[PDB]
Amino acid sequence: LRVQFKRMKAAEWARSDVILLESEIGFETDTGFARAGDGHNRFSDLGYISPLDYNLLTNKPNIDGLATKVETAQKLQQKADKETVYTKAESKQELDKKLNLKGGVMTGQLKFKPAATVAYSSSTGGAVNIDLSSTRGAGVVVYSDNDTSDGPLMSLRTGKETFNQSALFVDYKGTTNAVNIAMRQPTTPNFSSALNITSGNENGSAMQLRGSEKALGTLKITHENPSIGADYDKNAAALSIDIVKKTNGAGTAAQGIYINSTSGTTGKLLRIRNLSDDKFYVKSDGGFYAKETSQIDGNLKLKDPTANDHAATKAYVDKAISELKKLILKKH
């Protein structure tokens, strides 16, 4: 027996009315595939003589080891897109433009414009607040070795005439000078001062000074010859006063020096010395002393003399000449 089977092209089977017997093999000549009958279905409705089931295969791949599009997408969704995020380097880039609290160098203007909680009072107020209580450095060090400039090192301005606080307040406790101004010896000379003050306020002194020294001056001024030449500073003075009219004014009645004791002093009110030797003075009682010959381009009104060293008045000379003239008239 060399057995052959009912056979024809797949597509020919497809429209054959032939019913294969149960288990009778039919062969598709162009595919080489077989099918067996079930006694009823036409060929195209039988299945193949052998399994076509993925789950009956051998050497299946590891399908469950594989990532699903869904699962992957869920996981990718938790990750940050490059686009929406700064790189470490772009981060340093930006942070390096920012001032460390630990310190740094400004190259531009630091403006302050306080919104103001209360902005406090005392040693916890101020837009800039510096406490050096645990340290040995300066607070604010401003300097310039530039040749010329358009602005000062520090400027304090108040705009409104009602302004009811100081521009600069110094409350000092310590052992050296509260405020110290050195204007050291020019090479190229200035026609100006270490401290210069102008006030146009007619109801207050330009400068007020109170002290309570045991044995010193409230203000001590010293002039020092700038030269070794004995008489070079001959037009200088420790204190110079001028008394002037207003521009286009009619003149002035202001006094030069006014000295008073509102509570009364027993001290010399004006005392003038050279080489620490009294030369002239006004005693607390307004009497005066002078050490050398003096001159008045005028007369002197004074009281009649009683002591021998008293200056004689004209009245006194005249009466003594007149007494002598009478007494001597003993032509009788």
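Numbers follow the displayed sequence, beginning with 1. Take the two forms, superpose them, and find the largest set of C-alpha atoms that agree within 1.5 Å; that set is the rigid core.
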statement: Stretch farther from shown form by Cα RMS in 4 other deposited structures of this protein, picked from 183-191 and 229-237 after core fit, is 183-191
- line: As the entry reports it, the stretch among 255-263 and 104-112 with higher mean C-alpha B factor is 104-112
- request: Name the higher of the two by mean Cα B-factor in the PDB entry, 147-155 versus 216-224.
  value: 147-155
Top residue by Cα temperature factor, when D96, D171, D242, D233 are compared in the entry: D96
field: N248, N180, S199, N129, ranked by C-alpha B-factor: the highest one
entry: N248
- request: Ordered by C-alpha B-factor within the chain, which third holds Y281? Give me lowest, middle or highest, please.
  value: lowest
message: Going by the CA temperature factor in the PDB record, which third of the chain does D53 belong to: lowest, middle or highest?
response: highest
field: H40, C-alpha B-factor rank within chain (lowest, middle or highest third)
entry: middle
message: Where does the C-alpha B-factor of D64 rank in its chain, lowest, middle or highest third?
response: highest
query: What third of its chain's C-alpha B-factors does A14 belong to: lowest, middle or highest?
result: highest
